[PDB]
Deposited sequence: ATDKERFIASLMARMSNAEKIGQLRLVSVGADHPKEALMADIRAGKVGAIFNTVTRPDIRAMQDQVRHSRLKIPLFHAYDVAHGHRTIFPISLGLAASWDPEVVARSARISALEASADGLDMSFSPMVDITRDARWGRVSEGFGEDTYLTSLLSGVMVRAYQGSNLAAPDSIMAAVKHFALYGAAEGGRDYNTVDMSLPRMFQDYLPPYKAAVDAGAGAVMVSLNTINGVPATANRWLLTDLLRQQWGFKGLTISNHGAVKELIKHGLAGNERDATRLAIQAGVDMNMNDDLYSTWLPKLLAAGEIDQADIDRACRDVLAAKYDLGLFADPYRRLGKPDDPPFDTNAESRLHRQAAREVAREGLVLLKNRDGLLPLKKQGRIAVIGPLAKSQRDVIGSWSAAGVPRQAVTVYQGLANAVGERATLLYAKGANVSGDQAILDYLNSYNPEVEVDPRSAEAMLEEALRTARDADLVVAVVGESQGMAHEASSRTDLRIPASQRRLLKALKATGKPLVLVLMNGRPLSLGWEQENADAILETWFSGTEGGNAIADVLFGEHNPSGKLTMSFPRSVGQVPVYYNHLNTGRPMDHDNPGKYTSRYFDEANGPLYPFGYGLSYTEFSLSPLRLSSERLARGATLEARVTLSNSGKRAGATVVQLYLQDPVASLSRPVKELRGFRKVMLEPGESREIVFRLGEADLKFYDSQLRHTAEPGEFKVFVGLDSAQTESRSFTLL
């Protein structure tokens, strides 16, 4: 037995059931748990962990209370450090668009450095749910629609948070979320029903969670949705059979917020006692906020409705997490010394602006650039118009953790910084983020999140048209506010808000060159924009340095290299659209009536998976395979030469897709199986070599057999999912 198992067995042999049950309780200071009452419960050994306490003096005060409990078992402290702690990086969907594991790893490592510097031990991150439904407000928190890329980045984020040793003072534990399938909510409505086949679940939706487990994630946060009728919180197949027995996870499972009590609303339980029994016997170790475990576990055990082994499993997992975090060696390892001077948590000197700026550059996606309008010269008169141009609150995104809006660089400020006095900027708000007062009241319902200009729409439009007439070109900064792409904010319309589209149509009618800088947390419907704007830059929500990174691209300090990781539908009525779909019996070419299509809109996404432009031109040589036949246990090489055939240095992403065109299940028309992000000076050439073996060729059949079948495979290489060249080989 390891030091950890010996230590835990010796501690648990000493504990009462009250102490073991106390370890399972995860709470936050708030209405339900006032601070002084919570401190008294920590002193009594009734608390296992805290979330949403995020400064060193507040965390140290809580850890000080444990010295009063009989066994002095330390707390751990968690937070939602999703894409940054104090220095906010782009939202995950924009990080994914970097196609660069090292950039994504740097965002996670800095997030862990900052969170651990504030005394935190754990982040409820990474979010690795696959998203094919643009309506869902939580698409901003994932890495897009692709199983290969999301799985790769899931393991990258875990390793970057946890480091070489979970006891390092600058490591935090990753609690991968949301296990499982949360992003397949029916209708894109948050928390809604998820219903899907086991082959789809295993092939497409579960691999990112398994990648996090295999990267050593210490914790798993359980989702709020049903899976095929069974809430994840009560799902013994998911949490025990799959996560523990099949995948071998040895860490901690954490319920979502009030999730145990929500089993009553889901109709699995008629009271809190039965909800508690279902959750702990399914495999939920730690109970977030609703305190059902502390209220009901003793009565359940005395009635023989649960086993002692249910409590022991759950407690062992909490203690094992604390052991790996170093907290039994030193409960203050992330909290410095008792004789440390006080400091300003929010000091500018504790931020990481260089890293945020460098990361944010990599995720920006050039969607359109007519006749080389971009990059802009630093000269002339530039009108900067729209409700997002001066928005600090929106550039940091949803789930901005301890980010301070006043510390963020707006798009306006970024342009001002870039041009100094070489160009003149003219500002007009142009429109409110929405013209619908019910939507503004929603967005401002808890906090003041959206500045509502008191002027009429007409007055703002006249001011913006005067500003555009006084300029050489217009940079319109438009899209969503961050509260439009957040938990529970599902959208029925994927367009830019109507108030802003009215502004864009008015700006277009001036005849001035029109550059759109889009801020948004989900794919948008951009048909009018693709037809009418001169250039389009997707910037997602780019974080604390967003405005500087966006100016870096617009003025060509950085040659855009971002590529989409989620298909952009032409309208909400096409949902879902995603690149790794099945052919059907009647596929549409581009073209007949009797094919799988809509009749009232053009078909396919407006922008496909892997799409994104450059200020330079790239060429690919013909694809070459090392052989036409592949033996089992051997490796196939796919080679292409990439050249920079243009006039500016830049990067692109060479993507490899596979198709299995004859199989015992209908397989996708293509599936991403590799990529290379390659930065080239003008006239440079690189031989790209992909390696494929049997593991790349397997799939789950109807009975969940996971093998590769002999026969043809098609290999596609290109700079997006739509513009590829292909060669075939045969697996023997």
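Absence of C-alpha coordinates is noted for just one segment of the deposited sequence, namely 591 to 592.
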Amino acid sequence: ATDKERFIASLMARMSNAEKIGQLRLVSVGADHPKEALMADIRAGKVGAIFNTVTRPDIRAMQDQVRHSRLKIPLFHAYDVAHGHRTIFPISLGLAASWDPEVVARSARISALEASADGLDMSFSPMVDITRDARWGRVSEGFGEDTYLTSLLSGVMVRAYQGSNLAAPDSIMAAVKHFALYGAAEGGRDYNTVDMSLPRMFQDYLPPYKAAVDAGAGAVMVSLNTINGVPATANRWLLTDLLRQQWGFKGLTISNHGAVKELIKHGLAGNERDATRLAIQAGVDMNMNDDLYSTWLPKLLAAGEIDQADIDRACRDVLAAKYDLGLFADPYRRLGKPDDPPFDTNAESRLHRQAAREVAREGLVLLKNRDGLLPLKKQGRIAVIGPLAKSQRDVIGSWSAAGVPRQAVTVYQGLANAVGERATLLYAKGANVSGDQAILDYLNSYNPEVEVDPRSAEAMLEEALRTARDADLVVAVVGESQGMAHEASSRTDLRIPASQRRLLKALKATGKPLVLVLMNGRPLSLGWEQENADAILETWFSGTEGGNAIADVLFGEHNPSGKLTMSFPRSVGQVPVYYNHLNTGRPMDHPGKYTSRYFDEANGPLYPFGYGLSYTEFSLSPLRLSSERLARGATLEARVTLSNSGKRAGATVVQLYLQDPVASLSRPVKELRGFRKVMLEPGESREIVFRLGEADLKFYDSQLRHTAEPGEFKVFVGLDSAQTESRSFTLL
From here on, numbers count along this sequence of modelled residues.
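By rigid core we mean the largest C-alpha set that fits within 1.5 Å across both forms.
Stretch comparison, 339 to 347 versus 144 to 152: after rigid core superposition, larger RMS CA deviation in 5 other deposited structures of this protein is found for 339 to 347. Judged by the one-third criterion across other entries of this protein, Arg522, modelled here, is also modelled in every one of those that cover both its neighbours. Across the other entries compared, at least a third leave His590 without coordinates even though the residues on each side are present. For the segment pair 575 to 583 and 465 to 473, the entry gives 465 to 473 the higher mean B-factor, averaged over Cα atoms. Comparing 539 to 547 with 412 to 420, the higher mean C-alpha B-factor in the PDB entry belongs to 412 to 420. Per the PDB entry, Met588 shows the highest C-alpha temperature factor of the residues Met588, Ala488, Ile130, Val653.
In this entry, the residue among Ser664, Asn52, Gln703, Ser69 with the greatest C-alpha B factor is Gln703. Among the modelled residues of its chain, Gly45 has a C-alpha B-factor that falls in the middle third, as given in the PDB entry. Sort the modelled residues of the chain by CA B factor and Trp528 lands in the middle third.
Sort the chain's modelled residues by C-alpha temperature factor and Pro338 lands in the highest third, per the entry. Compared with the other modelled residues of the chain, the Cα B-factor recorded for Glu362 ranks in the middle third. Among the modelled residues of its chain, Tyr161 has a C-alpha B-factor that falls in the middle third, as given in the PDB entry.
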